[PDB]
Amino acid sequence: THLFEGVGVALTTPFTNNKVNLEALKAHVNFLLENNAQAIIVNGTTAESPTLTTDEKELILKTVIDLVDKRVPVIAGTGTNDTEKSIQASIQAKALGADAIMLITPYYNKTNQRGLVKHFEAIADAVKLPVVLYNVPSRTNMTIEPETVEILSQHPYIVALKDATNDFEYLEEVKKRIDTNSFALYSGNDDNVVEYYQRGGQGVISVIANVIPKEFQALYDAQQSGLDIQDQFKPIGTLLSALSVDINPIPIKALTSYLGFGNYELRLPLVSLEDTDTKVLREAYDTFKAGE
């Protein structure tokens, strides 16, 4: 059984005075649950994981696990570019009660495909918990080659790929090598979901679902029920275009804060949008909501 199908949320971290705001975190998670999120991915890219302390990550994860209490899978981003540290974090996430972990490829150091196999298999072996691989070449400058995905999919605990390649030839090459019944493919790019779903993907791990979880999940459910969703996607597409103004999560946090979840604060080296851009983006959100 897949961990989930449809829209998983790449959960943001709410800050107030550069401190994780647990009240806002809980309120945000409650909002996502109420609006049909299918999974919560915690301490990932959108959570600003590179700038969180270990104590913050563990606190956030435990808070989300306890609040969700089995309503949807809670998937802990634990992977870094250091295999040993990834092992430690993964084991601790399991101990806290995570349903799965997510492991990005290395970055900055990178590695070759043999190294990817050793890295991911070592962490999967240690944790003995479902593992979602995460491939995002735009951030890592490396990839999980389709042959490598095939090898990894045979590992008993490696069960899915968050595929942010935005490359549909890659998708087809992966599909011909894996079994979709036991190895899920989740888009890691909100922009491509219409085609990703049409081409047999299992869902998405989404940035924009932080603020429009209901509408974004409705897209998946609509196509699952046999609707065409090209027209339904259009206004979401317009909002995603507005969201492209800067590097995620700089823009999305303009919207989570707008909805009352934390202040509009990013931790260095990230920075907030300047006021004019913040206003335009919030107006785009308002326009989207008005148009429904």
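So that there is no doubt, residue numbering starts at 1 and follows the sequence shown.
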- prompt: Looking at the entry, does 234 to 242 or 31 to 39 show the higher mean C-alpha B-factor?
  reply: 234 to 242
message: When the Cα temperature factors in the entry are averaged, is it 220 to 228 or 245 to 253 that ends up higher?
response: 220 to 228
message: Given 198, 148, 80, 206, identify the residue with the highest C-alpha B factor in the PDB entry.
response: 198
task: Sort 139, 162, 118, 176 by C-alpha B-factor from the entry and give me just the highest.
output: 176
- request: Name the third of the chain's ranked CA B-factors that contains residue 6, choosing lowest, middle or highest.
  value: middle
- prompt: Once the chain's modelled residues are ordered by C-alpha B factor and cut into thirds, is residue 98 in the lowest, middle or highest one?
  reply: middle
message: Is residue 210 in the lowest, middle or highest third of its chain when residues are ranked by C-alpha B-factor?
response: lowest
message: Please say which third, lowest, middle or highest, residue 65 falls into when its CA temperature factor is compared across its chain.
response: lowest
- prompt: Among the modelled residues of its chain, does the C-alpha B-factor of residue 52 lie in the lowest, middle or highest third?
  reply: lowest
